[PDB]
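Student: Take a look at coords-v1.pdb, PDB, C-alpha atoms and all ligand atoms:
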```
ATOM      1  CA  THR A  59     -16.300   4.877  17.173
ATOM      2  CA  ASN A  60     -14.320   2.184  15.391
ATOM      3  CA  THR A  61     -10.824   3.373  16.299
ATOM      4  CA  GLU A  62      -8.461   0.387  16.212
ATOM      5  CA  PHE A  63      -5.554   0.083  18.642
ATOM      6  CA  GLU A  64      -2.284  -1.836  18.372
ATOM      7  CA  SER A  65       0.176  -3.231  20.888
ATOM      8  CA  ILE A  66       2.894  -1.024  22.369
ATOM      9  CA  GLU A  67       3.863  -3.340  25.244
ATOM     10  CA  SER A  68       5.761  -6.557  24.550
ATOM     11  CA  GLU A  69       4.397  -9.334  26.759
ATOM     12  CA  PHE A  70       7.631 -11.324  26.381
ATOM     13  CA  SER A  71       9.341  -8.147  27.413
ATOM     14  CA  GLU A  72      13.016  -7.054  27.444
ATOM     15  CA  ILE A  73      12.293  -3.314  27.683
ATOM     16  CA  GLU A  74      14.363  -0.359  28.921
ATOM     17  CA  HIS A  75      13.600   1.263  32.295
ATOM     18  CA  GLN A  76      12.938   4.925  31.387
ATOM     19  CA  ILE A  77      10.574   4.651  28.413
ATOM     20  CA  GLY A  78       8.875   1.793  30.253
ATOM     21  CA  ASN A  79       8.119   4.111  33.158
ATOM     22  CA  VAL A  80       6.793   6.810  30.815
ATOM     23  CA  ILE A  81       4.427   4.327  29.165
ATOM     24  CA  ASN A  82       3.380   2.992  32.582
ATOM     25  CA  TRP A  83       2.443   6.433  33.923
ATOM     26  CA  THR A  84       0.066   7.347  31.094
ATOM     27  CA  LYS A  85      -1.712   3.978  31.125
ATOM     28  CA  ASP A  86      -2.698   4.283  34.789
ATOM     29  CA  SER A  87      -3.713   7.929  34.366
ATOM     30  CA  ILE A  88      -5.971   7.106  31.416
ATOM     31  CA  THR A  89      -7.189   3.957  33.179
ATOM     32  CA  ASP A  90      -8.147   6.051  36.208
ATOM     33  CA  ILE A  91      -9.827   8.556  33.876
ATOM     34  CA  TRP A  92     -11.904   5.769  32.328
ATOM     35  CA  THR A  93     -12.688   4.243  35.727
ATOM     36  CA  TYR A  94     -13.642   7.627  37.198
ATOM     37  CA  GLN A  95     -15.457   8.685  34.020
ATOM     38  CA  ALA A  96     -17.355   5.401  33.694
ATOM     39  CA  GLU A  97     -18.403   5.168  37.345
ATOM     40  CA  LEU A  98     -19.890   8.672  37.414
ATOM     41  CA  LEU A  99     -21.545   8.220  34.009
ATOM     42  CA  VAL A 100     -23.494   5.138  35.104
ATOM     43  CA  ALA A 101     -24.320   6.553  38.539
ATOM     44  CA  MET A 102     -25.337   9.791  36.806
ATOM     45  CA  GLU A 103     -27.624   8.082  34.280
ATOM     46  CA  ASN A 104     -29.343   6.003  36.973
ATOM     47  CA  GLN A 105     -30.512   9.258  38.559
ATOM     48  CA  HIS A 106     -32.316  10.285  35.364
ATOM     49  CA  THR A 107     -33.994   6.898  34.877
ATOM     50  CA  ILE A 108     -35.448   6.919  38.393
ATOM     51  CA  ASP A 109     -36.441  10.579  38.072
ATOM     52  CA  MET A 110     -37.843  10.264  34.544
ATOM     53  CA  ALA A 111     -39.895   7.142  35.268
ATOM     54  CA  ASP A 112     -41.371   8.766  38.378
ATOM     55  CA  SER A 113     -42.427  11.745  36.239
ATOM     56  CA  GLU A 114     -44.202   9.659  33.590
ATOM     57  CA  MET A 115     -46.250   8.050  36.365
TER      58      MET A 115
ATOM     59  CA  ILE B 110       6.286 -10.283   3.194
ATOM     60  CA  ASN B 111       7.891 -10.724  -0.232
ATOM     61  CA  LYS B 112      11.471 -11.108  -1.467
ATOM     62  CA  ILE B 113      14.012 -10.145  -4.106
ATOM     63  CA  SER B 114      17.442 -11.672  -4.625
ATOM     64  CA  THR B 115      20.518  -9.585  -3.868
ATOM     65  CA  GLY B 116      22.441 -10.621  -6.967
ATOM     66  CA  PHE B 117      25.677 -10.449  -4.980
ATOM     67  CA  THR B 118      28.684 -12.398  -6.243
ATOM     68  CA  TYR B 119      32.001 -13.014  -4.506
ATOM     69  CA  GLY B 120      35.531 -13.836  -5.570
ATOM     70  CA  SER B 121      37.415 -17.115  -5.613
ATOM     71  CA  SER B 122      38.972 -16.514  -2.169
ATOM     72  CA  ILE B 123      35.592 -15.808  -0.535
ATOM     73  CA  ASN B 124      33.184 -18.640   0.238
ATOM     74  CA  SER B 125      30.178 -19.506   2.415
ATOM     75  CA  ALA B 126      31.216 -22.969   3.619
ATOM     76  CA  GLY B 127      31.026 -22.070   7.311
ATOM     77  CA  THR B 128      28.596 -24.222   9.285
ATOM     78  CA  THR B 129      27.427 -24.160  12.906
ATOM     79  CA  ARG B 130      26.311 -27.057  15.100
ATOM     80  CA  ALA B 131      23.810 -24.805  16.895
ATOM     81  CA  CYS B 132      21.262 -24.822  14.036
ATOM     82  CA  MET B 133      19.126 -27.870  13.245
ATOM     83  CA  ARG B 134      19.080 -29.129   9.661
ATOM     84  CA  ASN B 135      19.959 -32.635   8.463
ATOM     85  CA  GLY B 136      22.274 -33.485  11.351
ATOM     86  CA  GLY B 137      23.215 -29.949  12.397
ATOM     87  CA  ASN B 138      25.594 -28.762   9.680
ATOM     88  CA  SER B 139      23.801 -25.681   8.329
ATOM     89  CA  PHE B 140      23.361 -21.919   8.689
ATOM     90  CA  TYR B 141      20.550 -19.372   8.401
ATOM     91  CA  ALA B 142      18.531 -19.599   5.198
ATOM     92  CA  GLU B 143      19.177 -16.114   3.779
ATOM     93  CA  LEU B 144      22.507 -14.934   5.212
ATOM     94  CA  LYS B 145      26.054 -15.980   4.317
ATOM     95  CA  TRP B 146      28.837 -16.429   6.890
ATOM     96  CA  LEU B 147      31.854 -15.435   4.817
ATOM     97  CA  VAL B 148      35.247 -16.899   5.744
ATOM     98  CA  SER B 149      38.595 -17.226   3.994
ATOM     99  CA  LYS B 150      39.252 -19.987   1.468
ATOM    100  CA  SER B 151      42.676 -21.072   2.705
ATOM    101  CA  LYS B 152      43.991 -21.441   6.242
ATOM    102  CA  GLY B 153      46.449 -18.781   7.347
ATOM    103  CA  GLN B 154      45.590 -16.227   4.645
ATOM    104  CA  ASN B 155      43.825 -12.917   5.140
ATOM    105  CA  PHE B 156      40.354 -11.853   4.049
ATOM    106  CA  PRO B 157      40.581  -9.656   0.916
ATOM    107  CA  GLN B 158      39.076  -6.182   0.838
ATOM    108  CA  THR B 159      35.935  -6.099  -1.314
ATOM    109  CA  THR B 160      33.360  -3.431  -2.146
ATOM    110  CA  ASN B 161      29.752  -4.427  -2.811
ATOM    111  CA  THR B 162      26.748  -2.358  -3.884
ATOM    112  CA  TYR B 163      23.012  -2.958  -4.265
ATOM    113  CA  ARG B 164      20.447  -1.277  -6.523
ATOM    114  CA  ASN B 165      16.705  -0.822  -6.007
ATOM    115  CA  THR B 166      14.564  -0.824  -9.157
ATOM    116  CA  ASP B 167      11.189  -1.601  -7.555
ATOM    117  CA  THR B 168       8.398   0.937  -7.053
ATOM    118  CA  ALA B 169       8.384   0.380  -3.272
ATOM    119  CA  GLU B 170      10.676   0.601  -0.266
ATOM    120  CA  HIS B 171      12.696  -2.412   0.896
ATOM    121  CA  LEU B 172      14.376  -3.536   4.128
ATOM    122  CA  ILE B 173      17.983  -4.763   3.903
ATOM    123  CA  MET B 174      19.381  -6.588   6.939
ATOM    124  CA  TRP B 175      22.902  -7.813   7.716
ATOM    125  CA  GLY B 176      25.059  -8.797  10.670
ATOM    126  CA  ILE B 177      28.546  -8.666  12.152
ATOM    127  CA  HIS B 178      30.362 -11.455  13.997
ATOM    128  CA  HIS B 179      32.262 -11.203  17.301
ATOM    129  CA  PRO B 180      34.932 -13.896  17.854
ATOM    130  CA  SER B 181      35.651 -15.128  21.399
ATOM    131  CA  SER B 182      39.423 -15.700  21.308
ATOM    132  CA  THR B 183      42.475 -14.379  19.499
ATOM    133  CA  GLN B 184      43.178 -17.943  18.354
ATOM    134  CA  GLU B 185      39.860 -17.846  16.470
ATOM    135  CA  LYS B 186      39.787 -14.619  14.463
ATOM    136  CA  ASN B 187      43.131 -14.965  12.671
ATOM    137  CA  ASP B 188      42.110 -18.326  11.196
ATOM    138  CA  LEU B 189      38.779 -17.025   9.879
ATOM    139  CA  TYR B 190      39.547 -13.499   8.642
ATOM    140  CA  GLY B 191      43.268 -12.735   9.069
ATOM    141  CA  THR B 192      45.661 -10.800  11.266
ATOM    142  CA  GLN B 193      44.812  -7.253  10.150
ATOM    143  CA  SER B 194      42.565  -4.793  11.997
ATOM    144  CA  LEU B 195      39.088  -5.531  10.665
ATOM    145  CA  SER B 196      36.584  -2.787   9.886
ATOM    146  CA  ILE B 197      33.380  -2.397   7.880
ATOM    147  CA  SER B 198      31.350   0.621   6.812
ATOM    148  CA  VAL B 199      27.874   0.968   5.326
ATOM    149  CA  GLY B 200      26.627   3.969   3.391
ATOM    150  CA  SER B 201      23.454   4.778   1.491
ATOM    151  CA  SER B 202      22.205   8.206   0.388
ATOM    152  CA  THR B 203      20.404   8.358   3.750
ATOM    153  CA  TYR B 204      22.420   6.158   6.165
ATOM    154  CA  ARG B 205      25.987   6.140   7.492
ATOM    155  CA  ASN B 206      27.622   3.949  10.140
ATOM    156  CA  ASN B 207      30.747   1.968  11.005
ATOM    157  CA  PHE B 208      31.491  -1.168  13.022
ATOM    158  CA  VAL B 209      34.560  -3.031  14.276
ATOM    159  CA  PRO B 210      35.065  -6.654  15.423
ATOM    160  CA  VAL B 211      36.416  -7.197  18.941
ATOM    161  CA  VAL B 212      37.466 -10.335  20.811
ATOM    162  CA  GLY B 213      37.669 -11.367  24.448
ATOM    163  CA  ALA B 214      37.104 -14.198  26.875
ATOM    164  CA  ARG B 215      33.387 -14.871  27.287
ATOM    165  CA  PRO B 216      30.984 -17.443  28.790
ATOM    166  CA  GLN B 217      29.661 -20.634  27.243
ATOM    167  CA  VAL B 218      26.206 -20.897  25.679
ATOM    168  CA  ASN B 219      24.158 -23.599  23.942
ATOM    169  CA  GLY B 220      25.962 -22.878  20.667
ATOM    170  CA  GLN B 221      29.730 -22.374  20.669
ATOM    171  CA  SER B 222      31.383 -19.392  22.372
ATOM    172  CA  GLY B 223      30.713 -16.239  20.379
ATOM    173  CA  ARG B 224      28.210 -13.618  19.341
ATOM    174  CA  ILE B 225      26.841 -11.936  16.230
ATOM    175  CA  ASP B 226      24.866  -8.682  16.183
ATOM    176  CA  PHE B 227      22.494  -7.783  13.352
ATOM    177  CA  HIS B 228      21.803  -4.398  11.769
ATOM    178  CA  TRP B 229      19.233  -3.101   9.304
ATOM    179  CA  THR B 230      18.206  -0.037   7.318
ATOM    180  CA  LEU B 231      15.494   1.099   4.925
ATOM    181  CA  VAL B 232      16.150   1.701   1.221
ATOM    182  CA  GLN B 233      14.123   4.034  -1.000
ATOM    183  CA  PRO B 234      13.073   3.647  -4.648
ATOM    184  CA  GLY B 235      15.831   4.529  -7.084
ATOM    185  CA  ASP B 236      18.319   4.488  -4.188
ATOM    186  CA  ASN B 237      21.481   2.438  -3.700
ATOM    187  CA  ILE B 238      23.410   1.138  -0.698
ATOM    188  CA  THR B 239      27.069   0.144  -0.576
ATOM    189  CA  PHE B 240      29.014  -2.239   1.662
ATOM    190  CA  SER B 241      32.757  -1.892   2.259
ATOM    191  CA  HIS B 242      34.333  -4.664   4.316
ATOM    192  CA  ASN B 243      37.364  -6.929   4.645
ATOM    193  CA  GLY B 244      36.058  -9.442   7.172
ATOM    194  CA  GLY B 245      33.370 -10.061   9.735
ATOM    195  CA  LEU B 246      30.487  -9.246   7.387
ATOM    196  CA  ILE B 247      27.630 -11.741   7.535
ATOM    197  CA  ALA B 248      26.587 -10.720   4.046
ATOM    198  CA  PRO B 249      22.945 -11.253   3.026
ATOM    199  CA  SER B 250      22.104 -13.155  -0.141
ATOM    200  CA  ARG B 251      18.331 -12.526  -0.234
ATOM    201  CA  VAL B 252      16.599  -9.388   1.030
ATOM    202  CA  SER B 253      13.097  -8.882   2.383
ATOM    203  CA  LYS B 254      10.251  -6.574   1.387
ATOM    204  CA  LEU B 255       7.086  -5.614   3.268
ATOM    205  CA  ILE B 256       3.694  -4.793   1.746
ATOM    206  CA  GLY B 257       0.165  -4.174   2.948
ATOM    207  CA  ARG B 258      -0.867  -4.135   6.592
ATOM    208  CA  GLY B 259      -1.771  -6.784   9.138
ATOM    209  CA  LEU B 260      -2.372  -7.281  12.857
ATOM    210  CA  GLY B 261       0.065  -8.759  15.362
ATOM    211  CA  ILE B 262      -1.247 -10.914  18.205
ATOM    212  CA  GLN B 263       0.970 -12.403  20.916
ATOM    213  CA  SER B 264      -0.622 -15.088  23.092
ATOM    214  CA  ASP B 265      -0.782 -18.836  23.800
ATOM    215  CA  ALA B 266      -4.049 -20.724  23.275
ATOM    216  CA  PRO B 267      -5.630 -23.213  20.849
ATOM    217  CA  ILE B 268      -6.839 -21.851  17.515
ATOM    218  CA  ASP B 269     -10.459 -22.108  16.349
ATOM    219  CA  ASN B 270     -11.401 -21.916  12.664
ATOM    220  CA  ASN B 271     -15.173 -22.088  13.301
TER     221      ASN B 271
ATOM    222  CA  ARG C 164      35.211  30.965  27.414
ATOM    223  CA  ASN C 165      31.751  32.306  28.250
ATOM    224  CA  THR C 166      31.560  35.689  29.995
ATOM    225  CA  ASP C 167      27.862  36.396  29.358
ATOM    226  CA  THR C 168      25.011  36.143  31.862
ATOM    227  CA  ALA C 169      23.150  33.514  29.807
ATOM    228  CA  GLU C 170      23.670  30.082  28.291
ATOM    229  CA  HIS C 171      24.978  29.641  24.741
ATOM    230  CA  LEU C 172      24.876  26.916  22.083
ATOM    231  CA  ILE C 173      27.998  25.853  20.167
ATOM    232  CA  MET C 174      27.967  23.749  16.988
ATOM    233  CA  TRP C 175      30.771  21.958  15.142
ATOM    234  CA  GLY C 176      31.210  19.086  12.699
ATOM    235  CA  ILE C 177      33.467  16.292  11.491
ATOM    236  CA  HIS C 178      34.558  15.333   7.973
ATOM    237  CA  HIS C 179      34.078  11.847   6.503
ATOM    238  CA  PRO C 180      36.296  11.585   3.396
ATOM    239  CA  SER C 181      34.865   9.256   0.762
ATOM    240  CA  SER C 182      38.155   7.759  -0.476
ATOM    241  CA  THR C 183      41.649   7.130   0.848
ATOM    242  CA  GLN C 184      42.981   9.479  -1.848
ATOM    243  CA  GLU C 185      41.253  12.348  -0.008
ATOM    244  CA  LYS C 186      42.340  12.170   3.630
ATOM    245  CA  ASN C 187      46.066  11.708   2.992
ATOM    246  CA  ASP C 188      46.066  14.961   1.001
ATOM    247  CA  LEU C 189      43.766  17.083   3.171
ATOM    248  CA  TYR C 190      44.748  16.081   6.718
ATOM    249  CA  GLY C 191      47.719  13.682   6.646
ATOM    250  CA  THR C 192      48.601  10.019   7.030
ATOM    251  CA  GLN C 193      48.214   9.691  10.809
ATOM    252  CA  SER C 194      45.183   8.314  12.659
ATOM    253  CA  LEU C 195      42.885  11.311  13.036
ATOM    254  CA  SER C 196      41.036  11.853  16.305
ATOM    255  CA  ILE C 197      39.014  14.494  18.136
ATOM    256  CA  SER C 198      37.893  14.935  21.732
ATOM    257  CA  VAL C 199      35.590  17.581  23.191
ATOM    258  CA  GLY C 200      35.465  18.328  26.901
ATOM    259  CA  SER C 201      33.566  20.869  28.962
ATOM    260  CA  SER C 202      32.868  20.800  32.701
ATOM    261  CA  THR C 203      29.577  19.004  31.943
ATOM    262  CA  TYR C 204      30.144  17.291  28.572
ATOM    263  CA  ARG C 205      32.689  14.763  27.301
ATOM    264  CA  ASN C 206      32.833  12.846  24.015
ATOM    265  CA  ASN C 207      35.145  11.583  21.278
ATOM    266  CA  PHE C 208      34.907  10.971  17.533
ATOM    267  CA  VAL C 209      37.042   9.496  14.751
ATOM    268  CA  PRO C 210      37.062  10.026  10.950
ATOM    269  CA  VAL C 211      36.505   6.910   8.835
ATOM    270  CA  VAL C 212      36.880   6.491   5.069
ATOM    271  CA  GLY C 213      35.172   4.131   2.649
ATOM    272  CA  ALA C 214      33.587   3.812  -0.759
ATOM    273  CA  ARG C 215      30.194   5.514  -0.860
ATOM    274  CA  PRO C 216      27.525   6.634  -3.361
ATOM    275  CA  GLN C 217      27.384   9.822  -5.441
TER     276      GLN C 217
HETATM  277  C1  LIG D 301       5.572  -1.081  34.334
HETATM  278  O1  LIG D 301       4.417  -1.862  34.525
HETATM  279  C2  LIG D 301       4.628  -3.243  34.311
HETATM  280  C3  LIG D 301       3.285  -3.938  34.339
HETATM  281  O2  LIG D 301       2.696  -3.780  35.608
HETATM  282  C4  LIG D 301       5.616  -3.772  35.354
HETATM  283  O3  LIG D 301       5.934  -5.126  35.130
HETATM  284  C5  LIG D 301       6.916  -2.982  35.268
HETATM  285  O4  LIG D 301       7.811  -3.328  36.290
HETATM  286  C6  LIG D 301       6.624  -1.488  35.375
HETATM  287  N1  LIG D 301       7.831  -0.701  35.270
HETATM  288  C7  LIG D 301       8.674  -0.614  34.220
HETATM  289  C8  LIG D 301       8.327  -1.431  32.998
HETATM  290  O5  LIG D 301       9.675   0.086  34.238
HETATM  291  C1  LIG D 302      22.208   3.698  -8.231
HETATM  292  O1  LIG D 302      22.896   3.177  -9.344
HETATM  293  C2  LIG D 302      22.223   3.340 -10.575
HETATM  294  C3  LIG D 302      22.976   2.568 -11.637
HETATM  295  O2  LIG D 302      22.312   2.683 -12.872
HETATM  296  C4  LIG D 302      22.091   4.834 -10.877
HETATM  297  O3  LIG D 302      21.365   5.065 -12.061
HETATM  298  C5  LIG D 302      21.331   5.503  -9.739
HETATM  299  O4  LIG D 302      21.267   6.895  -9.899
HETATM  300  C6  LIG D 302      22.016   5.210  -8.407
HETATM  301  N1  LIG D 302      21.253   5.762  -7.320
HETATM  302  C7  LIG D 302      21.725   6.666  -6.440
HETATM  303  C8  LIG D 302      20.742   7.103  -5.383
HETATM  304  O5  LIG D 302      22.862   7.112  -6.478
END
```
Please rewrite the model in this file as structure tokens.
Tutor:
Amino acid sequence: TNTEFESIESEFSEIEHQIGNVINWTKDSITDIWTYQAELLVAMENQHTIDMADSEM
Amino acid sequence: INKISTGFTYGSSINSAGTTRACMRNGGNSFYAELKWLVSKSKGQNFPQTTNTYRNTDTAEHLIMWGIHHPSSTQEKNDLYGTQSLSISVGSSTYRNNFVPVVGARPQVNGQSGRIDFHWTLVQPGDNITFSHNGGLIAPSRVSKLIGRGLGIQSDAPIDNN
Amino acid sequence: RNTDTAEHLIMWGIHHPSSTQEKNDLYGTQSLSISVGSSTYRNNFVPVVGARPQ
């Protein structure tokens, strides 16, 4: 899925304090979603591989 | 980015001879490449009121940018612009604002003691903008124009062309 | 004054004359000003004239 992203955070930053906090909150929430989503996905797929291979035998 | 010339012209009492030591070109005497720091011709005479307008005949939107100058002492402003109460206004068919110079004691910085703040607005095809001012206007002489799309990257590392 | 049991919403506006020949006839020759103050809100505005488009 070739969605292309662009910067929203200035590394050489001089930002405000409210909108900065709003942007900070969503990034961690989505980051936790990806971390929680990814960890269960891999651990979930490993279960099938072990189970499937044992069945073919 | 592309460009188109303003076409602006100014009277005999207006000039662009102001120079600042803080910018580096051929010994220091210079100013930005595409903005004009207007000041009075004679010493002790006021800045005349002038109206200026710009037309857009291109098939695409533009981006006009200008600035206003803040002196740092009462002894400074009267020499440059005059003794009257300065004021400038900008109005397009989609924009409207007003600004006023103000002076006061301030710190020292690498270039002189003073400040200038820039402003900008978008202009549509077949649309005009007008500038009314009698001092303090850092009037542009060439305007910018943006086309296409790119990708901004902000880092610090050697480049590789292979 | 509000005597109802619910909040309201009040709107107003300010006039920007487009030439000095306008304001001196409509409003006068003094420096116009306006201030608005509630128990929760406080602001101030000023008319300003200047050449503009059509
Ligand atoms: C937002 O996060 C950045 C990066 O961790 C941090 O530097 C900043 O203090 C946080 N809060 C803001 C920008 O208000
Ligand atoms: C700008 O000025 C030109 C002058 O020919 C006029 O034709 C055009 O309608 C003006 N545009 C606006 C938006 O008033």
Student: So that all listed atoms of ligand LIG 301 (chain D) fit with 5 Å spare on each side, what axis-aligned box centre and edge lengths in Å, to one decimal, would you give as lines of an AutoDock Vina configuration file?
Tutor:
```
center_x = 6.2
center_y = -2.5
center_z = 34.6
size_x = 17.0
size_y = 15.2
size_z = 13.3
```
Student: Give me the residues within 9 Å of segment 150-154 of chain B as a PyMOL selection string, counting all atoms listed in the file and dropping any in the same chain fewer than 5 places off.
Tutor: chain B and resi 121-124+126+187-192
Student: Grab me every residue within 6 Å of ligand LIG 301 (chain D), counting all atoms listed in the file, and send it over as a PyMOL selection string.
Tutor: chain A and resi 75+78-79+82
Student: Got a sec to resolve the PyMOL selection byres (((chain C and resi 170-179) around 7) and not hetatm) on this structure and send the residues as a list in words?
Tutor: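 On the file shown, the PyMOL selection byres (((chain C and resi 170-179) around 7) and not hetatm) covers residues 169, 180, 181, 210, 211 and 212 of chain C.
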Student: Give the residues close to ligand LIG 302 (chain D), within 8 Å, counting all atoms listed in the file; write them as a PyMOL selection string.
Tutor: (chain B and resi 163-165+201-202+235-237) or (chain C and resi 216-217)
Student: Can you pull out the residues contacting segment 168-183 of chain B? Cut-off 8 Å, using only C-alpha atoms, and skip same-chain residues under 3 positions away; I want them as a ChimeraX atom specification.
Tutor: /B:144,186-187,210-215,222-234,245-249,252-255
